S.K.: 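Sharing a structure, written as structure tokens. Questions coming.
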Number of protein chains: 2
Amino acid sequence: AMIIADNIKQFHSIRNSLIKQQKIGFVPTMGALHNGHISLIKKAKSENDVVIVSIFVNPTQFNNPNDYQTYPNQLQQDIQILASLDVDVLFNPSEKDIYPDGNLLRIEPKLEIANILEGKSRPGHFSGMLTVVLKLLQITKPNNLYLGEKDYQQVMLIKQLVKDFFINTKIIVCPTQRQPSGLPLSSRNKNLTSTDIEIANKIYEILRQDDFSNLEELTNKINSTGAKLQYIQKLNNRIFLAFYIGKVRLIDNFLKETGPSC
Amino acid sequence: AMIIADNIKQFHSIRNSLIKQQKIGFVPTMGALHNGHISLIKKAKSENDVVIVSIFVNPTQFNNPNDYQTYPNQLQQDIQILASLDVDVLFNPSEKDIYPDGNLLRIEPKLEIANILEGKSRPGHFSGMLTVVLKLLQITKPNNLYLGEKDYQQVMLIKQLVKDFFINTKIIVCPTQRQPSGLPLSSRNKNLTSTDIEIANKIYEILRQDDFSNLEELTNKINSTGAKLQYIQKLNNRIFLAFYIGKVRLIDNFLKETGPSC
Ligand SMILES: Nc1ncnc2c1ncn2[C@@H]1O[C@H](COP(=O)(O)O)[C@@H](O)[C@H]1O
Ligand SMILES: Nc1ncnc2c1ncn2[C@@H]1O[C@H](COP(=O)(O)O)[C@@H](O)[C@H]1O
């Protein structure tokens with residue numbers, strides 16, 4: 001029963017056939033679905049008459065070509081998961097569907113939250129993300145949008161986006177799903193080798209032991225595991241960090257008081 | 001009977017009260033209405049059940065502070081004009097209405113048409129224009145948008161905007177209204193003194209006699225009136241130009257074969 005729309009034309013037809021009365025929920029993703037994504041879909045199914053999920057590996061938000069080339073890809077498994085969850089529509093457009101004439105008009109964020117942390121570490125990422133989310137919102141026109149708290153800055157930027165361009169959509173932020181160790185679920189973690197996972201687990205044991213009073217020292221404890229910390233910052237009541245293990249880039253954020261708790 | 005909506009809440013009210021049967025025409029402007037604007041309004045009226053006119057002097061598109069400070073302002077006269085045209089809704093928002101948190105998210109054009117002529121001459125103008133136009137379109141959600149050919153690059157850019165962000169609005173381009181001399185009608189014209197007016201007319205007496213085979217000599221003739229030419233160029237089969245008379249910056253474009261006729 002799941003409808004799979006491989007292109008915009010088909011999708012428009014599908015979208016135009018829904019009555020205003022139906023609550024429409026939307027979950028944007030770049031595929032390679034895990035329990036994090038699934039938690040978002042489950043929330044949206046509990047609150048909407050119609051749930052749409054997108055799968056689109058957005059080229060304009062990849063500041064790193066290798067990251068892009070190696071981004072995990074398993075459409076058939078993804079479809080199987082979405083059908084299992086009774087998702088109503090899968091929108092899985094091509095690049096040319098979303099950027100008919102290339103990336104000519106971009107949303108450019110000019111504010112502090114864009115300039116720090118992920119913004120600083122991934123130049124041009126937030127522009128690409130904001131531009132594709134705006135286009136995906138204009139296409140799907142949902143009542144409700146589901147986002148993970150893991151991408152904390154992304155959440156706050158999309159909130160600003162929906163506010164500034166008068167998009168009549170409610171935003172629902174969902175807690176970060178984690179492994180028992182505390183490591184957040186992430187599609188890139190599929191790229192982690194055997195030993196890398198143990199390293200990731202080392203790090204989260206360190207994080208669950210730490211009071212975050214000495215970031216230089218914690219940085220040193222994290223770097224000794226073999227990982228390479230990119231940044232760690234205490235921002236109000238929340239810790240933000242990002243690091244590499246081998247070629248894999250992992251990010252996280254959590255309440256200082258809780259740690260990456262279960 | 002014209003409804004004047006000086007804020008979003010007030011505008012959402014009236015907008016949301018319209019039935020789908022009613023074709024909505026939208027004419028955005030920055031106020032100080034002249035026969036140029038009036039022709040667009042008349043076209044919209046002949047083609048729609050509901051006509052909306054906005055008046056909003058958008059600060060983010062003025063690259064020149066003095067230009068912004070002196071930009072003509074005459075809201076009461078504008079209101080009288082619109083009312084005699086039986087315009088259904090005046091949308092006249094404040095800066096705060098349009099930019100609740102300032103100019104934090106901007107549409108940035110990365111393409112050729114934005115990099116030449118007016119785009120090069122007015123750095124950051126097209127970004128301002130596209131951002132406010134996107135907002136206005138998201139607010140008004142019209143069926144038909146009316147734009148003047150005089151702002152040629154603006155038209156092309158707005159067509160790209162409507163395409164890229166999936167706005168279901170038709171764009172109607174309208175002929176440039178002119179003084180008997182050929183001088184385009186423009187709001188900034190109200191800032192011209194009497195002697196400025198005569199320089200402007202001399203420029204157009206020159207243009208009407210020209211074949212444009214030699215822009216160098218044409219530039220010298222225009223500069224000899226006391227005006228200061230910014231640029232003059234052939235793009236495709238049109239002539240594009242912009243010039244200052246005193247502190248007043250005016251632009252024009254027309255087919256090379258016809259010149260600024262009428
Ligand atoms: N481990 C997680 N827990 C909760 N939400 C997540 C998790 N990972 C990704 N998401 C959210 O899923 C959506 C798509 O993520 P991605 O496919 O990684 O771009 C975004 O709203 C993410 O923040
Ligand atoms: N002389 C004119 N003839 C036709 N349209 C015009 C003229 N001057 C301005 N417009 C259009 O009126 C709209 C508002 O212009 P403005 O208020 O100058 O920003 C734009 O679509 C302009 O291109």
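Heavy-atom basis, side chains included; hydrogens, waters and symmetry copies ignored. Both counts, for ligands and for their atoms, begin at 1 and track the order of listing. In what follows, chains are A, B, ... by sequence order, proteins preceding strands, each numbered from 1.
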S.K.: Does the N or O separation between A:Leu185 and ligand 1 drop below 3.5 Å for any pair?
M.R.: yes

S.K.: Check the side chains of A:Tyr152 and A:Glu118 for a donor-acceptor pair under 3.5 angstrom, ignoring hydrogens and angles.
M.R.: no

S.K.: Do B:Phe56 and B:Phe91 have their ring centres less than 6.0 Å from each other?
M.R.: no

S.K.: Using distance alone, with no hydrogens and no angle criterion, decide if B:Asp252 and B:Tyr204 have a side-chain donor and acceptor under 3.5 Å apart.
M.R.: yes

S.K.: Which option, B:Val155, B:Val53, B:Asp151, B:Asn189, owns the non-hydrogen atom nearest atom 23 (O) of ligand 2?
M.R.: B:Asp151

S.K.: N/O of A:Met30 under 3.5 Å from N/O of ligand 1, yes or no?
M.R.: yes

S.K.: Could you list the atoms of ligand 2 found under 4.0 angstrom from a heavy atom of B:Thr29?
M.R.: 14 (C), 17 (O)

S.K.: Of the listed options (B:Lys150, B:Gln61, B:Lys43, B:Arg188), which comes nearest to atom 9 (C) of ligand 2 when hydrogens are ignored and any heavy atom counts?
M.R.: B:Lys150

S.K.: Are B:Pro175 and ligand 2 in contact, using a heavy-atom cut-off of under 4.0 Å?
M.R.: yes

S.K.: Please report which non-hydrogen protein atom sits nearest to atom 21 (O) of ligand 2, along with the residue it belongs to and the distance in Å to one decimal place.
M.R.: B:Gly148 N, 2.9 Å

S.K.: What I want to know is whether B:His37 and ligand 2 share at least one N or O pair that is separated by under 3.5 angstrom.
M.R.: yes

S.K.: Using a heavy-atom cut-off of under 4.0 Å, does the side chain or the backbone of A:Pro28 touch ligand 1, or both, or neither?
M.R.: backbone

S.K.: How far apart are the closest heavy atoms of B:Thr169 and B:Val162, and which atoms are they?
M.R.: O-CG1, 3.7 Å

S.K.: Taking B:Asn144 as the fixed residue, which of B:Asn48, B:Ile171, B:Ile24 is the one that meets the side chain to side chain contact (heavy atoms under 4.5 Å, CB included) rule?
M.R.: B:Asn48

S.K.: On the ring face of A:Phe165, is B:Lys135 found with NZ or CZ under 6.0 Å from the centre and within 45° of the axis?
M.R.: yes

S.K.: Does ligand 1 have a heavy atom under 4.0 Å from the side chain of A:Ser187, from its backbone, from both, or from neither?
M.R.: neither

S.K.: Indicate whether the side chain of A:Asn58 and that of A:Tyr99 have a donor and an acceptor atom separated by less than 3.5 Å.
M.R.: yes

S.K.: If we set the cut-off at 4.0 Å for heavy atoms, which region of A:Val27 has an atom near ligand 1: side chain, backbone, both, or neither?
M.R.: neither

S.K.: Is A:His34 close enough to touch ligand 1? Criterion: a residue heavy atom under 4.0 Å from a ligand atom.
M.R.: yes

S.K.: Of all the atoms in ligand 2, which lie at a distance below 4.0 Å from a heavy atom belonging to B:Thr176?
M.R.: 1 (N), 3 (N), 4 (C)

S.K.: Taking atom types as modelled, find out whether B:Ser186 and B:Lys150 have a side-chain donor-acceptor pair closer than 3.5 angstrom.
M.R.: yes

S.K.: Please list the nearest protein heavy atom to atom 3 (N) of ligand 2 with its residue and the distance rounded to 0.1 Å.
M.R.: B:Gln177 N, 2.8 Å

S.K.: What do you reckon, does A:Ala32 put a non-hydrogen atom under 4.0 Å from ligand 1?
M.R.: no

S.K.: Is it the case that ligand 1 has an N or O less than 3.5 angstrom from some N or O of A:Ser39?
M.R.: no

